[PDB]
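Coming up, as structure tokens: structure 1 and structure 2, two forms of one and the same protein chain.
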Structure 1
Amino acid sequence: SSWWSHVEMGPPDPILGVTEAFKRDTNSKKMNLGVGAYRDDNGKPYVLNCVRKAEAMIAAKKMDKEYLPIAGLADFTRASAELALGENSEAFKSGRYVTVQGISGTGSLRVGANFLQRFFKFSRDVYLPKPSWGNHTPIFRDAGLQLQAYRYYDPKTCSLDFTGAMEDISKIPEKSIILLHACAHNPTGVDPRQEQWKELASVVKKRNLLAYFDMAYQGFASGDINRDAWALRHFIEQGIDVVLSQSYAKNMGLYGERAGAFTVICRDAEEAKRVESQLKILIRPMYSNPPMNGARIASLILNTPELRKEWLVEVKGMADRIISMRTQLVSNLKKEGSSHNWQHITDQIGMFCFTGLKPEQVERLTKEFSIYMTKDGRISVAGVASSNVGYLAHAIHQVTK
């Protein structure tokens, strides 16, 4: 029958648009700055060394393919909580958290969203920073929640609109939900500094808000696992019982294996068990039980001292290269004689950098230099390499002069 005749073609992804054009282009100087995953100095995908080793170990052990418990691989969940909270964290040692395996960060966000829709009786409003990762909208919207915003990004400075944020958060009706990026804000790269974080916590705590941390770049941002989880741990220390989403897509290069976890900070171990039971009832009818590969690999690395050690060197390598490219970019623009202030480029943290380029300049860059990026002036630092940072500096200048 003609059941779907009324179904219209959904809109095309602007992001896919840029990568399709990049692919068509024959100029060997082409650059893809819309890329969403890490790339090495050669512009190639990168499977960590400790990943290959973990993998090799699994093969050796001739493990079965049996179903994992609903909540996932217990060695993976425990290790996940420990990674996030810190070993000597009171939350962790008291076992007053509940961690469940989710389908990477996205799945983990969704599960958390479905959990709040069901049990967070106090409000349906989720406040996102302006701007946020595109997916954040439909995630919360599809789960049945209401969307709100708080100023975050400042276009004047390509930095934190600290005054704007504080004024916005200050007017948040008590017992509302606020989504915060732990580090390496997507898509701006603009993160609060320690001092800003401390004032943010104070008000979150004061207005008695439910803080929902999105931690998708732990270790990948600064190169330090402890530094990256700083804000999140600060909140929990100040008595803010958060909810959290962790992704291993970037820090482990696990992209397609989809490994992540959803965590709930509870009053105690008693309550944690109750929440856990409820999280299980929710997930069953979603997908029953999670993909085991990614978790097995992740658990082995975090759980195996020789592997974990290698993992930290490797993760650090990734982060150092991105910083390097940022550094080189600013220095090269000066070298080109750019009068403009490009500090933001080096103040910004992680994979994404909001250049401050305007839509017209982006166009010149694409049309004239074969540099592919979105019209918002957002560049993926992963697409920069030692071999082309110069070229990019050149082009940016040409179009900004």
Structure 2
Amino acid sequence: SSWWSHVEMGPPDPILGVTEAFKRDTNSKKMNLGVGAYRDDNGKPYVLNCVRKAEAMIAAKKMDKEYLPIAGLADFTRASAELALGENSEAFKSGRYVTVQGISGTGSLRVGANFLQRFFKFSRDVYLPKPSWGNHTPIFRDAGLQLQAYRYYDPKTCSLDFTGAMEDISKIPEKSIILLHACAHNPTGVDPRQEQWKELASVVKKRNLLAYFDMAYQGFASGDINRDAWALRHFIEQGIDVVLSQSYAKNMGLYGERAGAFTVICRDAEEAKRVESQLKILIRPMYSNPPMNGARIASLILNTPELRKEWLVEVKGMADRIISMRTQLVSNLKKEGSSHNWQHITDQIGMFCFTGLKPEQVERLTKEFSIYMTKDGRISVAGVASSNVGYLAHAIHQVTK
């Protein structure tokens, strides 16, 4: 009897645990469709061109490694607020925002969850779509709030349960918190239609609910960043003061460097100035100040005309390629002799597909073909190259056939 004799064996990460098991496999044909991670068309991890150049200039500068303020790099902070909101925005123009550099999306999400825990005096409840990205549950629980749900997907029709959503949303108690994904819903690939987004807005506004936007895939739903941010900005200008988490993990392909941000839209420049201070008191006893590299790459890109330009060409190339792969998937499916309807595959947007495979089929896939995906049937199409689309097709067919 030791200090830790009572500490039991906790299970591997639902998602993250998929790269683990993937690593270990000896099949030369294994494919990791586990986490939303882009592979170029050789299915080689891809580092954007503009990032490679952003690193070169920093390099060249012979920059110091001195501690960054508790809120992060001013320049990255400010440039993110902008990417989120648009430069014309009254919110942005007026300075009624506070943006803190955070530990990528996951970290922004959590500083955010702990901020609310601490200053959101109106409710302990955070309402999450059904289904949501797995980590939302624990981020929120470890922070100290309660979890609730609003109906989102409908597996019968492979899309948005707009009447059911509208119903749960309409009954959320005034002033609770609700998590909405900005675009490329994870895990479903289904997003409200402009029109729907206008309606959600109304009911959100009407119930005076605190809107919390998870924006990890901006430029991944349509190949266009301003378009992707539509719903977000439509809210704020409808008079909704949101909170949001942003990640550069996928759109900049900055994954392991970890760069993200957390923002609060307040009412004044003075309120923003007051929240900033508190965000900083909260963040100090956490990790004191954040990782400088990712913030530095991104800020040079966002703030360098040519670097941003290149950035959109290449954020465009990624969205497209995911599209050719969806296309081609469906195609081989039919070509392999698939009897099923694979329309959702090319219907869905973002990095994933929500295929509908049942667990024994997901399991056989892993075991017989070395194709690694989460057991909810979600596969990352992000991860498919011209070279293995055939292989996935076949596999999919065998196990389904």
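Take the two forms, superpose them, and find the largest set of C-alpha atoms that agree within 1.5 Å; that set is the rigid core. Numbering for residues begins at 1 and runs along the sequence of structure 1. Shifts are known only where both forms have a C-alpha.
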| query | finding |
| --- | --- |
| Index of the chain form whose entry title says "closed conformation", chosen from the pair | 2 |
| Rigid core superposed: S338 CA moves 2 Å or more between structures 1 and 2 | yes |
| Core superposition between structures 1 and 2, C-alpha change of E55 at least 2 Å | no |
| Angle of rigid-body motion between structures 1 and 2, smaller part versus larger, in degrees | 14 |
| Between structures 1 and 2, C-alpha offset at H181 (rigid core aligned, Å) | 0.2 |
| Per-residue Cα shift, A382, between structures 1 and 2 [Å; core superposed] | 1.5 |
| Shift in Å of the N27 Cα between structures 1 and 2 [rigid core superposition] | 6.1 |
| Where the chain shifts between structures 1 and 2 once the rigid core is fitted, runs of at least 3 with Cα moving 2 Å or more | 12-36, 327-347, 356-377, 383-401 |
